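These notes are about the structure you will find just below.
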Amino acid sequence: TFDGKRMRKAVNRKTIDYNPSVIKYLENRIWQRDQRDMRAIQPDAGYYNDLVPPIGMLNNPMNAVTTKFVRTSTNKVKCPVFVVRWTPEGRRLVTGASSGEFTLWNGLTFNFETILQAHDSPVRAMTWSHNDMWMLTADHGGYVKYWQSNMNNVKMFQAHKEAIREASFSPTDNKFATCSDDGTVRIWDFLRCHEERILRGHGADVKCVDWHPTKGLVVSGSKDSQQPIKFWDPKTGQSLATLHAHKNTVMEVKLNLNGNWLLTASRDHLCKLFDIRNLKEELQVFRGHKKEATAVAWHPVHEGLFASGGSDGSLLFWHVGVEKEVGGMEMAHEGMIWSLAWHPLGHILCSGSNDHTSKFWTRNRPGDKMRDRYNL
Amino acid sequence: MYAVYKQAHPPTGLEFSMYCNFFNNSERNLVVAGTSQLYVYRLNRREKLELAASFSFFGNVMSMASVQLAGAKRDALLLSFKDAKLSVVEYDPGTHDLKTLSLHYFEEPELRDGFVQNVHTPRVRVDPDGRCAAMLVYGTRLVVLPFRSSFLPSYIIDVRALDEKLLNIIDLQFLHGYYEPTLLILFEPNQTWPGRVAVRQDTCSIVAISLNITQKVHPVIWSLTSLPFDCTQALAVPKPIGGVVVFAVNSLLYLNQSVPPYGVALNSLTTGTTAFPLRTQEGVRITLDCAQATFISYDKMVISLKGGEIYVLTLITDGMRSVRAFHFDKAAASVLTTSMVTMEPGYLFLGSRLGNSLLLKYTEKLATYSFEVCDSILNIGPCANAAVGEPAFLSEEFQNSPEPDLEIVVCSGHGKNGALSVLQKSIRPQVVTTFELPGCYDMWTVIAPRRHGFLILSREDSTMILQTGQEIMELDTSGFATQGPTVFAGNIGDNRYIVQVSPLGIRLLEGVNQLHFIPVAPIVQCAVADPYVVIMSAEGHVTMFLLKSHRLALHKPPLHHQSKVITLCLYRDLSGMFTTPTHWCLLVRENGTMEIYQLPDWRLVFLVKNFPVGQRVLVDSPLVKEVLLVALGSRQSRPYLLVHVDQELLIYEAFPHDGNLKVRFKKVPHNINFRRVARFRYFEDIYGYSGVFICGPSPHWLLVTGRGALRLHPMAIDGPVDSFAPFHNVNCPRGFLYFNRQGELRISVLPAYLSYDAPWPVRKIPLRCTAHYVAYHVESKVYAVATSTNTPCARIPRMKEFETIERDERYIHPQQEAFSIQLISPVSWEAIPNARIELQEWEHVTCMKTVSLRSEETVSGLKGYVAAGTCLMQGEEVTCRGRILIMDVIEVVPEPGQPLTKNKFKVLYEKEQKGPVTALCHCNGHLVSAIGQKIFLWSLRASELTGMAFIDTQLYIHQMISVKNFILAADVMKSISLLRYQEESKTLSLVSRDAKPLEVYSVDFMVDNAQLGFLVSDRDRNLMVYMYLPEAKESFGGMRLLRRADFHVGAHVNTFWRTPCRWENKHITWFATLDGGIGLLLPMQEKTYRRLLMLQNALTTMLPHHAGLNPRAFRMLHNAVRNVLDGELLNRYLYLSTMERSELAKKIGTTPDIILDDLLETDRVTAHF
Amino acid sequence: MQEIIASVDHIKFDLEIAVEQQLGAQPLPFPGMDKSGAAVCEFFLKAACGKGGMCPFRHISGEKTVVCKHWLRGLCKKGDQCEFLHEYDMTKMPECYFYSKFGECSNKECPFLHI
RNA sequence: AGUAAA
Ligand SMILES: [Zn+2]
Ligand SMILES: [Zn+2]
Ligand SMILES: [Zn+2]
């Protein structure tokens, strides 16, 4: 029993503080036009104060290949973690487990803050709105809940009769879409909690869904190979295209913030990139996952950089236009990696796994002989 | 809502430099480019850089190159802009302007490969033989521009589709000694970063492609695959040796096609970071991170390191013409350079953005060279921070002026070139004697046996003569005529005689004694040269007098009487471009015709048929009031023509153009407003300066020096000036005289602490260290400056334990910044001794402001302290915390002999906070601090801060500014939040915020009669105005800030300040850019905005802008609410002739008078500093 | 110096008029919203809010003497119905449980009162 | 006070 009442000795806690890097970037910003005026960081341990955040290294996205292990955050009950999301300002990181619980961790020292009993069924979906005011979560029972920053539930309704796998907001907060195991995608009005359209045609349980950043377009995955990826019009509720991208279950669909790229993950051990303006051919195929690719995450700063998670516990890094992986960690987790979440600044990546742990990864420090268990 | 953008100070700071044949193939010129400015310089043999031409662009230059075309009379410049724009321009004789030869656009969406954010600048390269030019676009498209209709059709090469896939291009250079254009490309197929060099060690490659222009085939030759990971640039070695030199961070490589690679290690940081075979270069311990290099010889290279160190590199070569060794020579230290070019042998130019760019001369000394500084170009560096303060000294005659007397102090430069720039827009004369002399309207000063002996003043009925010696006393004796007014008085015969013109005749004197008088349709104007005197009657009759050896001899000029002469002037050309000392008479007739005659004879050599119109170029064959032709610059080598036409000032610059006069005149743009007594007053020496003073409602100083740049400094204090004259006296050393509108004669000298050879009168104060923040303390009238110096880093903090850095002798220590806060006295512009706060070892000052905090020991509530926020930077793995420093500047008894020591630092509050202090502000006497991801409001007690309220905020607040219990906070990645404080409940609440992400540089306010805007500067060089509109549907109940104005200022803005208009409650929001410029945002009424928007559209559509750039597209944001006018484009309307103005006004259905009234009022209300 | 040369004390801003009159304010949906980070309701204190319970602005009561420890961490579910003070006053801070129970306190920067 | 010490 943990109630915050027993005496504990003071101990210094490991931190990844971004404030020195932000200060250094603000200082360099005055007299440096671009990264070409930026002085070289030496691969030496003494250059700790020369580090800048990813916004200061737009020409070298290799800085945000988070292969340095920081901490493993584990609940006292050892429950598998299905979704991890950072708060919009990065103050905390919230995890969703199979017990229906929310667990909050500090965004700097990665220590336990508080725990909530949020759902009566495993938490599957968790997404924040673009205005940073609402956190929308869904569970395995088909219920959708609305949350505020103080983690107080203000509205609850049953969106589907079966398990909801993902949810995503529209460009504004007015509408969101949910996908479920009943094979449907449903468009919802956020304020009125009203079902607008029911998108049918997949034929099997929909595993993922994504709303376009600008256009007003909805892309969803599926289990059946006949309709693996579908494109929808939320206003009319009619299918726009069918993309036979994968021969196995599609686990992830992630539209890039540029509005041009569709990133997909599947159980056929492959990640694929598509140009939604030309769906007749694949932009790129990302090979290197030994097992199924179960999670992807675009970097918040570098638009070509994303991370990928696998059912074997591997965590690989890719860039658009590069054939092979720009980095990776075989056996980063012991079990399927369910979700990946980048810190809003982009210097920390968090992974939630089927093993009852959540791990934090940061950029490798200059002058580090990467001989640890996750590198060599 | 509606505003107009105006540029007050042009950007200073050079990024590109070259030595090419800009004007003709006989001589080469130094061509330098900043961001939107292009300059052409000649070298004068001391050595001085003389400005020959200057051009402005509606765009930012990203790359500059030159090429000699086929059958060309000069070089053509290659300028790259925006994302993918190649402009080919050339100097145009005839006119004195640029000519665009071809425009090339490569901004198709398919070339971007789906990327919407372009991080690659277009880089133009030229083949050494001039066969082709290449521009790398988006980092993946190679545009080839073949040369012989001087350009062949261009084609694009996809570098990803070559023999090897070229990714992450680092640099590209055309090689020497090939039959086809051979382009060497340094790229990184598998990218890595220094934080990860243990699993991806050294992946850098070079390839050379032979460009077959006809067949469009580009095979790869001479590949190399395992270069060090930190390769930074490549330089093509000249023809006899050939090959390429590759700069890495810690190593230097020479690569040739037929020879094995040769490289050396510049320091010990290469041991575990590259497997490339490198030998130790003995005697040198340096890095090449951001270094500029150029070839001064076929085997000699001069390198400007970061930190300013200059090295001469020698390629040691055996008989086989193969480089076998390197030699490094540590030469002088110099400025931090962004560019480097070799001029005529022995001369080297160092272009700089951070500090003054300077010209160097190198001489071989009795293999080794020594460098000396010959000239420098003033550069207000990156304007990090600015402060408005009161000038230390102002004459007591100007203390009653209703307008405030202000100056700007800016943190400029960086590092060893860090400095403070004291900037004043106008000139304030130092009055030492004022004479109340009513009645006299005109005056002249003459030299007597180079002091001035007499002061001749003319009344409506009498002439008053003042003898100016040890004391100025009226001279009532004989000599000068006193019974009537004087038309003109001046010297003649090499300052040996004095000439005086009366309405009845012309008189010659030799001091106090009249020599002879020649009676003379009353005389209305006289023009005097040496030894020619030309007088004009009221009806246009012209007679000439020659000083014959002395006496004045009448010589009747043979001038035709087709049209009567309205005005004229005499010009004596010394540096002779008036070819086909010489003497000339510029003449204006009633029919609008301007004529030039050679003065010994009277033969016509130049004619213009419509002079008063104000044509932009004057070529050979209303109500002009005065003309003055005068030569300025070094040795009077720059002739200028000044014209007064119907409340309009015309400035013309003469340039040669090939028995008529081989010159043409180019109209010079200006903002001087003119809305018989001569208005143009030439002076040869006022505080060492030569130029012309312009009288009238808006007095201005026209200064041209050996630099050759035209300087227009207003003198608006003391109101309009009626007359003006130079005055060299014992009590007035190299001063001047002028009459104000109240009939007061002031004896004045120019203040000696400012330099007037700059766009604004400036004083640069070298600090030898980086200046971060400057704050002006209104009490005690001193400046607080936060500075930093770099020291070697010796320890690695842990979490505290410190690890001593143990390395070898070839190791290079990292730089550690040590911060301090200094007091600067505006009286002498010196650091106050014993007044300096030293921050802690790793402490960084993140903000420093002057804050008004509540106190009881004051007539009002506020007190006005100086507040500084700090953070202890010790790496990513140590928790960052900081302190709040509250300091007062007190008055103490000065130390004997040190009057500066009357001011000392008084630290009131100095305590560590529970987090990093990233921003500071004051709100109704309270201290607002951003500590971590919270914002706190503090109350200052006797010695302690007490928390009043707090609120959670975004990731990192770096800027905060407040107005009337409202606070505007800016985040690094999120845009802005509007905060409100309620004193009664002690509640700090969020009013509204921008939902969309935005990388903000700084924030301020836009003030209208009742509208309050929020001005935001952008990382993409944009200015945006947000408004809180809770009644608008777009703002979902007021929780969302809506942008109502957009403007792309092609520069980063980090500091703002506000002044009222010279417009009831409108304020001008000034800013200083990181390119060294100063801009304004002036709120506008909607009707005027709409009229000037129609004018702006007409100007965009109907004008041939430089380099073919589009003014409208340049000012587009990064949807776009373009409610901001471009005043630099609106200035083009002032530059047009009257006919063109009338045509454009009729096209847009309005009146030129209305347009001018709208345009000139914006210049009037913004005449501050 | 900024307020000396460019003062705004004589200008009544539309922002000031809007915040004082709560212009554009709309009732909160989802009744249990926190209202944290929002201005207090001037109408409710002065005469009458009108909306009631659904007003976006806080309705406060003068019966709180201890600072809310959840509000400091930023996770408070009670909102206006909270029985603890939502003011940043480090004199009405809650007493330190560990100092009151287990003798000394662990952290040297403890905000709770050691009495 | 709802886990302040997980
Ligand atoms: Zn209310
Ligand atoms: Zn509470
Ligand atoms: Zn305690």
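Here is the naming used below: chain letters follow the sequence lines, and residue numbers restart at 1 for every chain. No hydrogens, no waters, no symmetry mates; every other heavy atom, side chains included, goes into these values.
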Query raised in the report: So what does A/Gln117 touch, heavy atoms closer than 4.0 Å: a base, only the sugar-phosphate, or nothing?
Result: nothing
Requested in this report: Classify the nucleic acid contact of A/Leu116 as base, sugar-phosphate or nothing, counting any heavy atom under 4.0 Å across all strands shown.
Outcome: nothing
Query raised in the report: Quick one: on RNA chain D, does C/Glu95 or C/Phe84 contact a more 5' nucleotide (nearest heavy atom)?
Result: C/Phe84
Query raised in the report: For C/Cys76, which contact category applies under a 4.0 Å heavy-atom criterion: base, sugar-phosphate, or nothing?
Result: base
Query raised in the report: How is A/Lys5 classified with respect to the nucleic acid when contacts are heavy atoms under 4.0 Å: base, sugar-phosphate, or nothing?
Result: sugar-phosphate
Report summary line: The salt bridge (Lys or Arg N to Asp or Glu O under 4.0 Å) partners of B/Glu910 (sequence neighbours excluded) come to B/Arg883
Query raised in the report: Where each residue is assigned the nucleotide of RNA chain D containing its nearest heavy atom, which of C/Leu75 and A/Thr103 is assigned the position nearer the 5′ end?
Result: C/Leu75
Query - With A/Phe190 via ring pair (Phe, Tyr, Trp, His ring centres under 6.0 Å) - residues at least two apart - result: A/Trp134, A/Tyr146, A/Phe169, C/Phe30
Query raised in the report: In residues 70-94 of chain A, which ones come under 4.0 Å of RNA chain D, going by heavy atoms?
Result: A/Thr74, A/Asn75, A/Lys76
Report task. Report the residues that fulfil ring pair (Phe, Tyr, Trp, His ring centres under 6.0 Å) with A/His333, sequence neighbours left out, ordered by chain and then residue number. Result -> none
Report summary line: Students should find that the nucleotides of RNA chain D closing off the region near chain C, any atom under 4.0 angstrom from a heavy atom, are D/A1 to D/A5
Query raised in the report: Can you list the residues that meet the salt bridge (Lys or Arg N to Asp or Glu O under 4.0 Å) rule with A/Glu330, with sequence neighbours excluded?
Result: none
Requested in this report: Could you tell me which residues satisfy salt bridge (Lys or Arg N to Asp or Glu O under 4.0 Å) with B/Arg798, sequence neighbours excluded, listed by chain and number?
Outcome: B/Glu803
Report task. Please list all pairs passing the salt bridge (charged side-chain N to carboxylate O under 4.0 Å, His left out) test where one or both residues lie in residues 88-102 of chain A, with sequence neighbours left out. Result -> A/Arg91-B/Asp952, A/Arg92-A/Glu113
**Report entry** Partner residues of A/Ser311 under the side chain to side chain donor-acceptor pair (under 3.5 Å) criterion, sequence neighbours left out
**Finding:** none
Query raised in the report: Do C/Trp71 and C/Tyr88 have ring centroids that are under 6.0 Å from one another?
Result: no
Query - Sugar-phosphate only, base, or nothing, as touched by C/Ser106 at under 4.0 Å among non-hydrogen atoms - result: base
Requested in this report: Look at all strands and tell whether C/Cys68 reaches a base, only sugar-phosphate, or nothing, counting heavy atoms closer than 4.0 Å.
Outcome: base
Report task. Establish, yes or no, whether a centroid distance under 6.0 Å links the rings of A/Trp105 and A/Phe110. Result -> no
Report task. Name all residues meeting the ring pair (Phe, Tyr, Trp, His ring centres under 6.0 Å) criterion together with A/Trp361; count only those two or more places apart in sequence or in a different chain, and write none if there are none. Result -> A/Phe69, A/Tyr374
Query raised in the report: Near RNA chain D, under 4.0 Å by heavy atom, which residues of residues 144-154 of chain A?
Result: none
Query - Residues which pass side chain to side chain donor-acceptor pair (under 3.5 Å) with B/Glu876, listed by chain and number, not counting sequence neighbours - result: none
